[PDB]
Amino acid sequence: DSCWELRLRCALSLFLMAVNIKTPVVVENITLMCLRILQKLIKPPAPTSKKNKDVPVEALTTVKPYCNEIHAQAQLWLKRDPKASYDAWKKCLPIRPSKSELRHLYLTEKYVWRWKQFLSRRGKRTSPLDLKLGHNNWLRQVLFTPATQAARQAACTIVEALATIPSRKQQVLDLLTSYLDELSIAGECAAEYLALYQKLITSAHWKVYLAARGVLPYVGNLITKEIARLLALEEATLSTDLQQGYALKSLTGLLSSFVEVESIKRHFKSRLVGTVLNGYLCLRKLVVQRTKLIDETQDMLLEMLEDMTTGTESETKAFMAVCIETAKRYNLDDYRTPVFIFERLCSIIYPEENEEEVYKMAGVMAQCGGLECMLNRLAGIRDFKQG
Amino acid sequence: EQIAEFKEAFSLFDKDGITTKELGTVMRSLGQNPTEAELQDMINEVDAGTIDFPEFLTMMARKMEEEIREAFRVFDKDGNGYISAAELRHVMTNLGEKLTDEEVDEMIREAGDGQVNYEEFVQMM
Amino acid sequence: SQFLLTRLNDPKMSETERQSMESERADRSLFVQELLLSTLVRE
Amino acid sequence: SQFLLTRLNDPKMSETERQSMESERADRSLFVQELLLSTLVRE
Amino acid sequence: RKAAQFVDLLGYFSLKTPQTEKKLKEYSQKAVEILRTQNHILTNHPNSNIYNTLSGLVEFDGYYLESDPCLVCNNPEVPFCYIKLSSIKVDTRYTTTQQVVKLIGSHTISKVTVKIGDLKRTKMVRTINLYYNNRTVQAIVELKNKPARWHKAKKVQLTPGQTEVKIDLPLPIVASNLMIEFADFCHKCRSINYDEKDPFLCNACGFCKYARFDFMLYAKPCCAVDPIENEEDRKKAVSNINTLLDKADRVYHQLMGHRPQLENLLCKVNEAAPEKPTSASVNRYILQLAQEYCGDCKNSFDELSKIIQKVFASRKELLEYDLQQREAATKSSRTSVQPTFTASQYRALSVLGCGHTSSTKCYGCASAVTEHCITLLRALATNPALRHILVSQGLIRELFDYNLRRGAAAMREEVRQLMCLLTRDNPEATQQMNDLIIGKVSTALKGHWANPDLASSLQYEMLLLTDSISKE
Amino acid sequence: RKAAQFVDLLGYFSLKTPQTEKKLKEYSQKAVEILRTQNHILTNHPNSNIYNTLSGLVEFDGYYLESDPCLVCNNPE
């Protein structure tokens, strides 16, 4: 009805009014209803008029939003500001080839934006906001809220709807990746969030864009921290956690999916190999509180390491050097990890069949000085039965 | 320094070791936020379907006065040296943005005679 | 079914009316999306 | 009975203490009656 | 909850011993902080709303819908009792003068009373011997290998003519199969034992011409695993642990599944919509919710608890075997010097400190902590100076705000008593409490004409006021 | 409750037949007064608390705890 603006103002006021409340009762009773209403509003029912009966929802827009600016003043609309009408927003948005024509159009657009900015600064024209979201917002609390999985699903749907324009999707994926850090905190209840991210990361181009942000290092650091926490826990007590391994398996799967990009593999395969090897070793060490999810994560890590362990001769040399360094990291008294380490090393040096050019890898080992580390480890052997 | 980052990005976006289809995405990845019209114009400028690393470097160089004068000339559609307010309205209509005639008058007023000289346009920029 | 007031529920719309309603709904959805995005901007 | 703290309540009163408590209760009852009567006076 | 005696002793010692003002203040601050933290934790429990709502409707035994099994809350104390030996019989084997029996499952026996009926003086067992094995075996005849399949428990010489003898194990023995032999000294199946002409019982039928023996044990059922001695035993244990983990994961997923249906039913019940149709007189939604929670959720919780207990036992056994092997290897290493451990170090390193806690977010554990805190505060309130200090800490506001209504009826009565005691003679505190009560009452009365629930939600305050007036 | 058909007919006649603004205002005032009086009576009913509380718990057939038997309510067809 015509009370669309007023009802929406009341609803948004209520939603933002108690969004920060963390009590389960309030979240269940008030937040869920407001979220459902907003979800119904954002995604309209499918078109019924025969003319647009199959037309896309985004297509029927009568206007086109600013490419990199949000002209809405949410605080003003909440304050029922006279200048914050929905009609005002409509008036502010634009309606919905020769090379020289294109150049003239681009120059005109740039000049018009500059003139509008100058009129805003000097005169009374309002200032549209810029596409930059904060790291702390209602979305972060709402998405990983442990109160109800239905609320998480609704929030995921709302967020997925919120990302339509590619320019919007940029900052959207940025904020989503930023929020990824809390994955360990809510290992199970955040399953929806992962589902959203994987859903949004389906675009290969978007995958490369995220890769350019250097997300791989953050993922590796998080994986290392999780592995360390798990090892400490397994070494500490004998309690049983039915949810042990969910976060680790999810992170491993996400890392593998990102690594599936062949160009990305060609880009930074070497940079990540060491983390993979250390994790595989640590997982092989895990023996006390071993979970089926942990086992699957270990298998995935081993497969990823093996796949990464296939490249140029220089790549093989780098892998050998990494193995030597990791063995240097391994303790001398330890008598388990070096087994697998040297086993893979030998398999690589002379390819195990299923003048010593096939042993040229050994020269690489001498270049790395690994032979000295080998002698040192040989010195470490003391008990024949034990080793 | 910047050249190294550009080369690294070009290598990363290079699927087979780049197509113009993701060229705008490459600029978005580099931290630059482009407009669709700007991207289309750059594509027209460059692809006289794949660009070279020197080509992307040259494009980014044009991204990092003559343009201002060309824009001023475009503003004087009649070329009378005076950019007509009605000409401004025609341009805005071409841009598809809807604005009040009173809004155009106020903008011109914010721009002695209220007639935008080339000096007036330069001072605006 | 004897209640005449019960059968009173009877709305109708033209195809052009449906198209206009769809367009208005799309515009409202866009405005809502923009407003919601504004609710999470950086400060 | 193993809970030692359960035996905490140990109240006692002298006969004079009981008489004084009775007198105080009587005074309190009289004051309460007077106050209640004041609540029903004619305006 | 097991720390009740600790709380009682702490209260008694604290009240009895005179102490410094600073010490009293520190103790009060610590106790108040503990109570406030527990209250805040309880107030935001993920299952808090569902459990609280269910509490008022159905007589609920335990919060059978927690995520991580609260082991302390999960391990009840079943007492041993006299149960007939034939009751747990699973596999039965009889010999010339010995009998081998398998139990239905592992159990911890304490003493076994064996009565001898139909006794004949011709053959009377001057002594008997027992052996136990806690190793899982498939067939009674499979354990015919005597030594490996037996670990002798006790041999008791029976005086002639004695029928009921109570062989008492000095410590309870946990086992699965037993072998009891008439150590010192067919008619039924006509199985003429050509080997043994006059055995105590038939070598095939166990038909015992000498006498008949009945047995029973003051035992409690026990869950355990056979000892792991070989590396093959280690592999079998690892496989069993993995299988148990998989089954437990399935059970946990199934149990967690019931949550959304319970939420929907709770929503329907909260509507409280009147409807027309005394065993079935209750609201259909109420009966459905009771069936779902009490029937399904309880059964799922029980199954998951059993699985978790078995998994914990298996993990403990595997850790013990691995630690024993590691210690043996260290001992073989002559260079490796044996590290003597102080008593505290030995206890800490021991596997003893492994299963003495509930879940971290165990709503039941938090509730028990709160109840113990309430009891301790009620005790500590006795010292008038302590009362003044606590009132300075402002406990009254927290008590009225959080702990006033929640908890069982006895908890509510105790809280009311403690609140009354706290304002025993403190005029300022009494004024503050009366102000809070009057404010709540007036706030309710403002919307009285509109909210029946408002009137419905003032009982506790009125009861507290009545109790306060009660104590002169 | 027997006046259901009468109510439906009155509503249909009032909606279909045009009337003066004064007539509409009078009918509105009458209906509003009736509703307000009925609501006030129900709110102040003696057994109102008991019946209301009992409503949410068990499937209630009728308010079988009234003093004066309502002939209309106590004479089923």
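The PDB entry lists chain B under the name Calmodulin-1, with Homo sapiens as the source organism. The Sequence similarities comment attached to chain B in UniProt states, word for word, "Belongs to the calmodulin family."

### Here we look at the overall build of chain F
Broken down by element type, chain F carries 3 helices and 0 strands. Sequence-ordered secondary structure for chain F, helices as α and strands as β, is α-α-α. In terms of C-alpha radius of gyration, chain F reaches 17 Å, well past the compact-globule figure of 11 Å for 77 residues.

### Here we look at the overall build of chain B
Per the secondary structure count, chain B includes 8 helices and 0 strands. When the helices and strands of chain B are listed from N to C terminus, the series reads α-α-α-α-α-α-α-α. Against the compact-globule benchmark of 14 Å for 125 residues, chain B has a radius of gyration of 19 Å, which places it well outside the compact range. For chain B, the spread of C-alpha atoms along the three principal axes comes to 60 × 30 × 25 Å.

### Focus: the interface of chain C and chain A
On the chain A side, the residues contacting the 14 residues of chain C number 13 residues. Here the residues of the side of chain C that touches chain A are counted per class, giving 4 nonpolar, 5 polar and 5 charged.

### Side note on the arrangement of the chains
The interface with the most contacts, out of 5 pairs of chains in contact, is the one formed by chains A and C. For the non-touching pair chain A and chain F, the nearest C-alpha separation works out to 20 Å. Left apart from each other, chain B and chain F have a closest C-alpha approach of 43 Å.

### A few points about the pairing of strand β6 (residues 165-181) of chain E
All names here are of chain E. Looking at chain direction, strand β3 (residues 98-117) and β6 are connected through 12 bridges and run antiparallel. In the strand pairing of β6, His107 is matched with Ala175. Relative to β6, strand β4 (residues 128-133) runs antiparallel, the two being bridged by 5 bridges. Directly across from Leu130, in β6, lies its bridge partner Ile180.

### Focus on unusual backbone geometry
Residue and element names in this part refer to chain E. Despite not being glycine, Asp118 shows a phi value in the positive range, around 55 degrees. One can find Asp118 in the loop between β3 and β4. One non-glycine residue, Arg190, lies in the positive phi region at around 55 degrees.

### A closer look at the environment of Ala247(A)
Checked against the element boundaries, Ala247(A) lands in helix α12 (residues 246-259). Every residue in contact with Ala247(A), bar those within four places of it in the chain, is listed here: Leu183(A), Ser184(A) and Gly187(A).

The rules behind each value
- Residues numbered from 1 in each chain as written, not as in the entry; some residues may be left out.
- Chains lettered and ligands numbered in written order.
- Part of a larger assembly, values for the part shown.
- Heavy atoms only, no water.
- Residues with missing side-chain atoms left out of burial classes, pairs and counts.
- UniProt positions renumbered as here; feature names shortened; annotations may be inferred.
- Helix = DSSP H or I, 4+ residues; strand = E, 2+ residues; numbered from the N terminus.
- Rg over C-alpha atoms; globule rule 2.2 N^0.38 Å.
- Contact = heavy atoms within 4.5 Å.
- Nonpolar A, V, L, I, M, F, W, Y, C, P; charged D, E, K, R; others polar.
- Pairing = 2+ DSSP bridges.

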